[PDB]
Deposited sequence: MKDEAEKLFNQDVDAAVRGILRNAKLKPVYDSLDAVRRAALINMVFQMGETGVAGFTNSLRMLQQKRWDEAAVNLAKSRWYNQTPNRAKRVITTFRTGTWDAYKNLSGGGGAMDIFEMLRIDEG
């Protein structure tokens, strides 16, 4: 099994939320979202880091405007998606729908699945 040093840490979850709040490229879209779509954003920041997610300007813009389909289509074109497509497809469904369909849940259990 995984080393204890390599497991999911609640504090790293909290670091992702802090990172969102203190980045003007992230907090406005987070604030605009419902709780389930917020979990998708937390996941993405947890995985690739604050700076990286803040680079997704076009797609976050779409999310902030409730343009769910356009956001999902755009996110699936990224290098991120092609790197980790199973995970990205789950996160994208969560952004698109505001449901846990892709995990059938809460942010911790979502990450517990995605981190493996």
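Residues of the deposited sequence that lack C-alpha coordinates fall in a single stretch, 105-112.
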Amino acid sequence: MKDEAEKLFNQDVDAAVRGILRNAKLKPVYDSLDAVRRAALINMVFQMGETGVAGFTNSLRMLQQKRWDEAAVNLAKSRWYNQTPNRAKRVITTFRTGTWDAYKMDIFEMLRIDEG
From here on, numbers count along this sequence of modelled residues.
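Placement of the Cα temperature factor of residue 114 within the chain: highest third of the modelled residues, per the deposited record. When the modelled residues of the chain are ordered by their C-alpha B factor, residue 4 lands in the middle third. Per the PDB record, residue ranking by Cα B-factor puts residue 105 in the highest third of the chain. Ranked by Cα temperature factor within the chain, residue 32 sits in the middle third according to the deposited record. The deposited CA B-factor of residue 75 belongs to the lowest third of values across its chain.
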